[PDB]
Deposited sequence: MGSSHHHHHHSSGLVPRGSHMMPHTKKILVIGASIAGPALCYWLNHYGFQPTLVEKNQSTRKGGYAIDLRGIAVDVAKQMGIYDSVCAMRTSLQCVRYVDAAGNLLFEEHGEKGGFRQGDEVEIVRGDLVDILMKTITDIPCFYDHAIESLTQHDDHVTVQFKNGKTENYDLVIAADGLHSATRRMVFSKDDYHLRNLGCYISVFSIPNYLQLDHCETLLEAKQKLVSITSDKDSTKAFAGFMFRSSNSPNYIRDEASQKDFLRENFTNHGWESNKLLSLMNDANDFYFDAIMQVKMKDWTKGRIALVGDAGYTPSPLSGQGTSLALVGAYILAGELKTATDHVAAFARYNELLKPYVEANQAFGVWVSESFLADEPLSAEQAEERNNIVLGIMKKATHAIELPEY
């Protein structure tokens, strides 16, 4: 529709970035994808597609592919500190994060994609943006859109401190790989007590398992960005917590995939400035406790590209983007806050108490998943 706007750079290859490139190309734009790392994220943890994000995936033609790769867990076991089994548990879809990225990348094979391109600077002009990569390459684009995640390097570069802040929800999450020493088979076992959750999961590969930790604490690691300090923080919180906690902490240094972070949300009044925009976690992260981050990344890419297809100019498009997505961002971020405060139990739940909570979580979560209708373009 609009002229002069065809050439668009998209920064980061995870969920929103590749999905955005698909739709921009579909609508006749000329997207280029760049990623700071040498490769896309491989493997990772399990994520969900819910509500209108499923419709996005169907309209993209990836829904069948996502089902083919979905998680296979046969049972979920809840145990007490002694390890006694309290109870078992044995359209939306769950898929390992890296598997969804892989599926998304395969839809854009015709799109230029450059890895190991870290960005040195972004200079806004009246009619374009000049990007200088750290490798020396300099190029002009009509628009630039940053998909590069919670910690986005582009956001801090483009937006002033007054435009955004990161809300810390007072919780922490950690995941690392372990041998499957319990020899679990397509099973996840959890201990939930004392505002803390410990989990062991083995699904597709019986020689592998994944430890996970989620807890609420007002303290912090002594150095938040330092892996060793993070591990020390986990030891302090989980030593003698019950079940396998101590064993998992001892395997922690053999992991080699370790992941740790505070639960955080990105809060902005406007996700766009001039000719630059943010999509996915870089703008609005709801956080892992919401479980809605992937859905919001997909819907965010869908609407931004559709408004750019519709509008007279990018300024009008960016305004509609902010307006239509805001209620969805707000509802999903409020769900993450509710989880951070109200979810974790003080002591293990019975089979009946777990059932009651699950129904409450589903009802509260529905307010987020159904918050808006998917626009048509």
{"query": "Deposited residues absent from the coordinates (by C-alpha)", "finding": "1-20, 111-119"}
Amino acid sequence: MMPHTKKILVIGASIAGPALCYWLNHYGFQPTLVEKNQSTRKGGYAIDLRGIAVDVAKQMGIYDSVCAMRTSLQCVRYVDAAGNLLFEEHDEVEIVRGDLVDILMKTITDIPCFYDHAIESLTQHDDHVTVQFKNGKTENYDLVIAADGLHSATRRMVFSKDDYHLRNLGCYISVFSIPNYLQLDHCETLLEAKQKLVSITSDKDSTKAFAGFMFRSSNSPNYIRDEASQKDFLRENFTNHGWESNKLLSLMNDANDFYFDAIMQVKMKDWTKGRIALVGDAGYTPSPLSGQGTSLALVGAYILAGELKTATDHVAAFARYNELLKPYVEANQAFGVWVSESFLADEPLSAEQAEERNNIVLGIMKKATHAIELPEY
From here on, numbers count along this sequence of modelled residues.
query: Residue stretch of maximal mean CA temperature factor, 273-281 vs 181-189; finding: 181-189
query: 208-216 or 110-118, whichever carries the higher mean Cα B-factor; finding: 110-118
query: Largest Cα B-factor, entry values, listed residues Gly336, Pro31, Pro327, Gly43; finding: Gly43
query: Residue, from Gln59, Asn322, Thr312, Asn332, that the PDB entry assigns the highest Cα B-factor; finding: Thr312
query: Relative C-alpha B-factor of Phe318, binned into the chain's lowest, middle or highest third; finding: lowest
query: Chain thirds of CA B-factor: placement of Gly293; finding: lowest
query: CA B-factor ranking of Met105, expressed as a third of its chain; finding: middle
query: CA B-factor placement of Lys194, once the chain's modelled residues are sorted into thirds; finding: highest
query: For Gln230, the third of its chain into which the C-alpha B factor falls; finding: lowest
